[PDB]
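Undergrad: Sharing a structure below in structure tokens format, with a few things to ask.
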Amino acid sequence: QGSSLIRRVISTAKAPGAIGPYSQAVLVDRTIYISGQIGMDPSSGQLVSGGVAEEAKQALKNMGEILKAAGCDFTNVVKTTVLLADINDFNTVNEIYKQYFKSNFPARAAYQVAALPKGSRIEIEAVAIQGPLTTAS
Amino acid sequence: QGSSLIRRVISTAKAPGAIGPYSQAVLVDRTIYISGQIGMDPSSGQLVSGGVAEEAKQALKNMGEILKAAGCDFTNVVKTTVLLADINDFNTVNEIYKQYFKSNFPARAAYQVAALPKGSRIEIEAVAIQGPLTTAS
Amino acid sequence: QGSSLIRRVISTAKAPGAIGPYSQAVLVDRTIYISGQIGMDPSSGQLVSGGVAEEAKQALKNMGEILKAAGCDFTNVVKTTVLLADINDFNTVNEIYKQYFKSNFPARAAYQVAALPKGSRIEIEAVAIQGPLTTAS
């Protein structure tokens, strides 16, 4: 090979510490693989109260802090996977999702799973690409 | 960085319009992240009739139109995820899958989920790489 | 384009032959997309006996052989998805996972699905990046 690709563990105390043997995200070259985020408060380590709407907000806030630690924001996200405890929460989740993904909407997969870590109602993973990016048509 | 990577929202009217805040696919540099495709008719916005076999055909047709809009075909796909409402549909789905993936078979994950958007019986996401590609051994 | 990216089907007889129309992994440029691995013995084609712990070990061994065939080991893995038949197996699976992922922990998503191929209790997919890699901070 002509290059040694730079791999970095992304880590920020403003998102919850890992609850298992994983990194919050891994950057390799320009691609950031972000772990599935759940609605855990970064301080208490427990899910925020209030159900799917509050959990979704917290999960996206956690994702935002991980992106920021990699020098990115939500405009760098190119793909997400939205894992739901209840498919009937899709409309509620989409409204919250739109508060964070305001442009350049990522590709997405969404589905209801049988269960999530910690009894969460939502988990969101993502792939982001470090800028600069040029958005054409 | 020495380059600004080109990010493009892939969009074609020959696949159904987005049912939420997502793009049909996002191309960034050479990598295309394709959203989970379900068996929705691009005109009516509703699932085709007939169950998993017809839905799988339509989902793959939708994926094919998105690939074509990115200057690709199914030979550019390197990974898929096949999400099933019923794991017992795997054999039926595989026969249809083979009508579209004729060579250079993608890596794949497959599993049964609890529920899919719109009560779909199958959702297929994919990663593709824009050519030219040289397939070695 | 200024380059034709090299795409290679990764194949090793030390991991089970494909049970459907997929490749064990696909390498394209430097990125390896590894199919969901289940606890199948490479010789018998059947799941190993003993439940989730033995299946997880076998699935990771299978993944290790695929990585080795691509000139990689577990340190090249940057993202995994751990699909469980039972979320309550997470702690057991994590202990086994740690026997293979000893450093540079991948990003991860984990959740319980409704069912897996062959009645498996665990399926693990992964993305790896071919070296050389330089791990910074």
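So you can find residues: chains in the structure tokens are A, B, ... in the order shown, residues in each start at 1, and ligands are numbered from 1 in order.
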Sorted by chain and rising residue number, which residues of chain B lie within 12 Å of chain C, and what are their closest atom pairs and distances in Å to one decimal, counting only C-alpha atoms, as a Markdown table?

TA:
```
| residue | atom | partner | partner_atom | distance |
| --- | --- | --- | --- | --- |
| B:29 | CA | C:1 | CA | 10.5 |
| B:30 | CA | C:5 | CA | 9.4 |
| B:31 | CA | C:28 | CA | 10.2 |
| B:75 | CA | C:7 | CA | 10.6 |
| B:76 | CA | C:7 | CA | 9.5 |
| B:77 | CA | C:26 | CA | 9.8 |
| B:78 | CA | C:26 | CA | 6.2 |
| B:79 | CA | C:33 | CA | 6.4 |
| B:80 | CA | C:35 | CA | 8.8 |
| B:81 | CA | C:35 | CA | 9.1 |
| B:82 | CA | C:36 | CA | 10.8 |
| B:83 | CA | C:113 | CA | 10.0 |
| B:84 | CA | C:115 | CA | 9.3 |
| B:85 | CA | C:114 | CA | 8.6 |
| B:86 | CA | C:115 | CA | 8.2 |
| B:87 | CA | C:115 | CA | 6.6 |
| B:88 | CA | C:117 | CA | 9.1 |
| B:89 | CA | C:117 | CA | 10.8 |
| B:90 | CA | C:117 | CA | 8.5 |
| B:91 | CA | C:20 | CA | 8.6 |
| B:92 | CA | C:20 | CA | 11.4 |
| B:93 | CA | C:20 | CA | 10.3 |
| B:94 | CA | C:21 | CA | 7.0 |
| B:95 | CA | C:21 | CA | 8.9 |
| B:96 | CA | C:21 | CA | 10.5 |
| B:97 | CA | C:21 | CA | 7.8 |
| B:98 | CA | C:21 | CA | 6.7 |
| B:99 | CA | C:21 | CA | 10.5 |
| B:100 | CA | C:21 | CA | 10.6 |
| B:101 | CA | C:21 | CA | 7.9 |
| B:102 | CA | C:21 | CA | 8.9 |
| B:103 | CA | C:21 | CA | 9.3 |
| B:104 | CA | C:9 | CA | 7.1 |
| B:105 | CA | C:22 | CA | 5.0 |
| B:106 | CA | C:22 | CA | 5.4 |
| B:107 | CA | C:35 | CA | 4.8 |
| B:108 | CA | C:35 | CA | 4.7 |
| B:109 | CA | C:36 | CA | 4.6 |
| B:110 | CA | C:36 | CA | 7.3 |
| B:111 | CA | C:116 | CA | 4.9 |
| B:112 | CA | C:115 | CA | 4.9 |
| B:113 | CA | C:114 | CA | 5.0 |
| B:114 | CA | C:114 | CA | 5.5 |
| B:115 | CA | C:114 | CA | 9.1 |
| B:116 | CA | C:114 | CA | 11.9 |
| B:126 | CA | C:33 | CA | 11.1 |
| B:127 | CA | C:33 | CA | 9.3 |
| B:128 | CA | C:28 | CA | 9.9 |
| B:129 | CA | C:28 | CA | 8.0 |
| B:130 | CA | C:5 | CA | 8.9 |
| B:131 | CA | C:4 | CA | 6.7 |
| B:132 | CA | C:4 | CA | 4.7 |
| B:133 | CA | C:5 | CA | 4.8 |
| B:134 | CA | C:6 | CA | 4.8 |
| B:135 | CA | C:7 | CA | 4.8 |
| B:136 | CA | C:8 | CA | 5.6 |
| B:137 | CA | C:8 | CA | 5.7 |
```

Undergrad: Can I have chain B aligned to chain A? Use a least-squares fit on all Cα atoms paired in order and write it out as a PDB file with C-alpha atoms, in the first residue's frame.

TA:
```pdb
ATOM      1  CA  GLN B   1       0.000   0.000   0.000  1.00  0.00           C
ATOM      2  CA  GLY B   2       1.027   3.607  -0.592  1.00  0.00           C
ATOM      3  CA  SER B   3      -0.497   4.961   2.607  1.00  0.00           C
ATOM      4  CA  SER B   4      -1.096   3.997   6.213  1.00  0.00           C
ATOM      5  CA  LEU B   5      -4.670   5.032   6.929  1.00  0.00           C
ATOM      6  CA  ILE B   6      -5.130   6.923  10.187  1.00  0.00           C
ATOM      7  CA  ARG B   7      -7.539   5.193  12.586  1.00  0.00           C
ATOM      8  CA  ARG B   8      -8.775   7.147  15.609  1.00  0.00           C
ATOM      9  CA  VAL B   9     -11.050   6.148  18.470  1.00  0.00           C
ATOM     10  CA  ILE B  10     -13.486   9.041  18.906  1.00  0.00           C
ATOM     11  CA  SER B  11     -14.192   9.613  22.576  1.00  0.00           C
ATOM     12  CA  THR B  12     -15.999  12.406  24.408  1.00  0.00           C
ATOM     13  CA  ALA B  13     -17.139  12.619  28.008  1.00  0.00           C
ATOM     14  CA  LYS B  14     -20.152  14.626  26.770  1.00  0.00           C
ATOM     15  CA  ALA B  15     -21.659  11.348  25.515  1.00  0.00           C
ATOM     16  CA  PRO B  16     -22.083   8.345  27.820  1.00  0.00           C
ATOM     17  CA  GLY B  17     -19.133   6.093  28.486  1.00  0.00           C
ATOM     18  CA  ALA B  18     -19.213   2.746  26.731  1.00  0.00           C
ATOM     19  CA  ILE B  19     -21.480   0.131  28.369  1.00  0.00           C
ATOM     20  CA  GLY B  20     -19.460  -2.667  26.771  1.00  0.00           C
ATOM     21  CA  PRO B  21     -16.347  -3.399  24.658  1.00  0.00           C
ATOM     22  CA  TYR B  22     -16.918  -0.775  21.973  1.00  0.00           C
ATOM     23  CA  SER B  23     -15.797   2.728  21.048  1.00  0.00           C
ATOM     24  CA  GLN B  24     -18.269   5.594  20.739  1.00  0.00           C
ATOM     25  CA  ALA B  25     -17.118   5.922  17.130  1.00  0.00           C
ATOM     26  CA  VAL B  26     -14.134   4.946  15.003  1.00  0.00           C
ATOM     27  CA  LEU B  27     -12.708   7.295  12.378  1.00  0.00           C
ATOM     28  CA  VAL B  28     -10.647   5.629   9.672  1.00  0.00           C
ATOM     29  CA  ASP B  29      -9.284   7.825   6.884  1.00  0.00           C
ATOM     30  CA  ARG B  30     -12.350  10.071   6.396  1.00  0.00           C
ATOM     31  CA  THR B  31     -15.127   7.652   7.409  1.00  0.00           C
ATOM     32  CA  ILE B  32     -16.648   7.712  10.895  1.00  0.00           C
ATOM     33  CA  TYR B  33     -18.560   4.653  12.071  1.00  0.00           C
ATOM     34  CA  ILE B  34     -20.738   5.749  14.994  1.00  0.00           C
ATOM     35  CA  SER B  35     -21.990   3.189  17.490  1.00  0.00           C
ATOM     36  CA  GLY B  36     -25.690   2.741  18.075  1.00  0.00           C
ATOM     37  CA  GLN B  37     -26.750   5.602  20.344  1.00  0.00           C
ATOM     38  CA  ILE B  38     -29.467   5.179  22.956  1.00  0.00           C
ATOM     39  CA  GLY B  39     -31.092   7.809  25.142  1.00  0.00           C
ATOM     40  CA  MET B  40     -28.623   7.521  28.026  1.00  0.00           C
ATOM     41  CA  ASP B  41     -27.714  10.586  30.023  1.00  0.00           C
ATOM     42  CA  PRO B  42     -23.911  11.050  29.858  1.00  0.00           C
ATOM     43  CA  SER B  43     -23.702  11.763  33.610  1.00  0.00           C
ATOM     44  CA  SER B  44     -26.047   9.237  35.235  1.00  0.00           C
ATOM     45  CA  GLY B  45     -25.499   6.380  32.788  1.00  0.00           C
ATOM     46  CA  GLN B  46     -29.249   5.714  32.831  1.00  0.00           C
ATOM     47  CA  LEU B  47     -31.920   6.249  30.207  1.00  0.00           C
ATOM     48  CA  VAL B  48     -33.667   9.593  30.430  1.00  0.00           C
ATOM     49  CA  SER B  49     -37.263   9.415  31.599  1.00  0.00           C
ATOM     50  CA  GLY B  50     -40.310   9.997  29.425  1.00  0.00           C
ATOM     51  CA  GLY B  51     -40.258   7.307  26.744  1.00  0.00           C
ATOM     52  CA  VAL B  52     -39.352   7.316  23.079  1.00  0.00           C
ATOM     53  CA  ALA B  53     -39.550  11.073  22.429  1.00  0.00           C
ATOM     54  CA  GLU B  54     -37.127  12.018  25.207  1.00  0.00           C
ATOM     55  CA  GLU B  55     -34.902   9.019  24.474  1.00  0.00           C
ATOM     56  CA  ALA B  56     -34.697   9.976  20.803  1.00  0.00           C
ATOM     57  CA  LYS B  57     -33.697  13.552  21.653  1.00  0.00           C
ATOM     58  CA  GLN B  58     -31.021  12.298  24.039  1.00  0.00           C
ATOM     59  CA  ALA B  59     -29.715   9.713  21.569  1.00  0.00           C
ATOM     60  CA  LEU B  60     -29.363  12.399  18.905  1.00  0.00           C
ATOM     61  CA  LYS B  61     -27.709  14.778  21.377  1.00  0.00           C
ATOM     62  CA  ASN B  62     -25.235  12.001  22.212  1.00  0.00           C
ATOM     63  CA  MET B  63     -24.600  11.467  18.505  1.00  0.00           C
ATOM     64  CA  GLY B  64     -24.085  15.213  18.086  1.00  0.00           C
ATOM     65  CA  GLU B  65     -21.414  15.270  20.785  1.00  0.00           C
ATOM     66  CA  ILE B  66     -19.599  12.347  19.158  1.00  0.00           C
ATOM     67  CA  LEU B  67     -19.730  14.087  15.772  1.00  0.00           C
ATOM     68  CA  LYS B  68     -18.397  17.285  17.335  1.00  0.00           C
ATOM     69  CA  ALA B  69     -15.493  15.368  18.896  1.00  0.00           C
ATOM     70  CA  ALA B  70     -14.600  14.233  15.359  1.00  0.00           C
ATOM     71  CA  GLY B  71     -14.776  17.792  14.014  1.00  0.00           C
ATOM     72  CA  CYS B  72     -18.153  17.141  12.378  1.00  0.00           C
ATOM     73  CA  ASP B  73     -21.811  18.001  12.760  1.00  0.00           C
ATOM     74  CA  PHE B  74     -25.013  16.386  11.519  1.00  0.00           C
ATOM     75  CA  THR B  75     -24.372  17.618   7.961  1.00  0.00           C
ATOM     76  CA  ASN B  76     -21.506  15.095   7.780  1.00  0.00           C
ATOM     77  CA  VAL B  77     -23.832  12.131   8.359  1.00  0.00           C
ATOM     78  CA  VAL B  78     -24.490  10.105   5.205  1.00  0.00           C
ATOM     79  CA  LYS B  79     -26.377   7.052   6.549  1.00  0.00           C
ATOM     80  CA  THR B  80     -28.377   6.231   9.663  1.00  0.00           C
ATOM     81  CA  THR B  81     -30.169   3.179  10.993  1.00  0.00           C
ATOM     82  CA  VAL B  82     -33.156   3.861  13.244  1.00  0.00           C
ATOM     83  CA  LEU B  83     -33.949   0.860  15.462  1.00  0.00           C
ATOM     84  CA  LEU B  84     -37.311   1.104  17.195  1.00  0.00           C
ATOM     85  CA  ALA B  85     -38.944  -0.847  19.977  1.00  0.00           C
ATOM     86  CA  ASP B  86     -42.294   0.092  18.400  1.00  0.00           C
ATOM     87  CA  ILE B  87     -42.791   0.867  14.697  1.00  0.00           C
ATOM     88  CA  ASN B  88     -45.786   3.008  15.697  1.00  0.00           C
ATOM     89  CA  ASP B  89     -43.295   5.531  17.158  1.00  0.00           C
ATOM     90  CA  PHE B  90     -41.947   6.293  13.660  1.00  0.00           C
ATOM     91  CA  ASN B  91     -43.882   9.544  13.198  1.00  0.00           C
ATOM     92  CA  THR B  92     -42.896  10.855  16.637  1.00  0.00           C
ATOM     93  CA  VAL B  93     -39.256   9.912  16.052  1.00  0.00           C
ATOM     94  CA  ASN B  94     -39.230  11.516  12.590  1.00  0.00           C
ATOM     95  CA  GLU B  95     -40.292  14.884  14.022  1.00  0.00           C
ATOM     96  CA  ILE B  96     -37.379  14.800  16.465  1.00  0.00           C
ATOM     97  CA  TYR B  97     -35.024  13.471  13.786  1.00  0.00           C
ATOM     98  CA  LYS B  98     -35.858  16.553  11.666  1.00  0.00           C
ATOM     99  CA  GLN B  99     -34.669  18.874  14.455  1.00  0.00           C
ATOM    100  CA  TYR B 100     -31.139  17.481  13.933  1.00  0.00           C
ATOM    101  CA  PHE B 101     -31.059  16.492  10.235  1.00  0.00           C
ATOM    102  CA  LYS B 102     -32.004  19.818   8.617  1.00  0.00           C
ATOM    103  CA  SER B 103     -30.355  19.369   5.201  1.00  0.00           C
ATOM    104  CA  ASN B 104     -28.459  16.820   3.098  1.00  0.00           C
ATOM    105  CA  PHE B 105     -30.677  14.089   4.508  1.00  0.00           C
ATOM    106  CA  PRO B 106     -28.824  10.799   5.134  1.00  0.00           C
ATOM    107  CA  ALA B 107     -29.766   7.533   3.570  1.00  0.00           C
ATOM    108  CA  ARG B 108     -31.690   5.572   6.160  1.00  0.00           C
ATOM    109  CA  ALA B 109     -32.968   2.188   7.217  1.00  0.00           C
ATOM    110  CA  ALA B 110     -35.616   1.900   9.879  1.00  0.00           C
ATOM    111  CA  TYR B 111     -37.351  -1.039  11.475  1.00  0.00           C
ATOM    112  CA  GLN B 112     -38.733  -2.406  14.711  1.00  0.00           C
ATOM    113  CA  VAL B 113     -36.479  -4.832  16.573  1.00  0.00           C
ATOM    114  CA  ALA B 114     -37.435  -7.271  19.327  1.00  0.00           C
ATOM    115  CA  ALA B 115     -35.485  -5.476  22.085  1.00  0.00           C
ATOM    116  CA  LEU B 116     -32.755  -2.905  22.605  1.00  0.00           C
ATOM    117  CA  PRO B 117     -29.999  -2.516  25.231  1.00  0.00           C
ATOM    118  CA  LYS B 118     -31.280  -1.339  28.623  1.00  0.00           C
ATOM    119  CA  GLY B 119     -34.899  -1.583  27.499  1.00  0.00           C
ATOM    120  CA  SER B 120     -34.402   1.445  25.255  1.00  0.00           C
ATOM    121  CA  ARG B 121     -37.178   2.489  22.920  1.00  0.00           C
ATOM    122  CA  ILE B 122     -34.802   3.693  20.174  1.00  0.00           C
ATOM    123  CA  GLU B 123     -31.205   3.167  19.053  1.00  0.00           C
ATOM    124  CA  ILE B 124     -29.623   5.142  16.201  1.00  0.00           C
ATOM    125  CA  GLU B 125     -26.379   4.253  14.451  1.00  0.00           C
ATOM    126  CA  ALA B 126     -24.742   6.327  11.746  1.00  0.00           C
ATOM    127  CA  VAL B 127     -21.944   6.698   9.228  1.00  0.00           C
ATOM    128  CA  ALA B 128     -20.437  10.161   8.762  1.00  0.00           C
ATOM    129  CA  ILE B 129     -17.714  11.490   6.481  1.00  0.00           C
ATOM    130  CA  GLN B 130     -15.192  14.061   7.690  1.00  0.00           C
ATOM    131  CA  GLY B 131     -15.183  17.298   5.720  1.00  0.00           C
ATOM    132  CA  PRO B 132     -14.557  19.255   3.723  1.00  0.00           C
ATOM    133  CA  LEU B 133     -17.474  18.036   1.644  1.00  0.00           C
ATOM    134  CA  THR B 134     -18.746  19.622  -1.572  1.00  0.00           C
ATOM    135  CA  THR B 135     -22.451  18.995  -2.071  1.00  0.00           C
ATOM    136  CA  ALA B 136     -23.300  18.984  -5.776  1.00  0.00           C
ATOM    137  CA  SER B 137     -26.563  17.900  -7.405  1.00  0.00           C
TER     138      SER B 137
END
```

Undergrad: Quick check for you: according to DSSP on this backbone, which residues of chain B are classed as strand (DSSP E)? Reply as a count of residues only.

TA: 42

Undergrad: Write down as a PyMOL selection string the residues belonging to segment 11-130 of chain B that are assigned helix (DSSP H, G or I) by DSSP computed on the backbone.

TA: chain B and resi 52-69+74-76+87-100+117-119
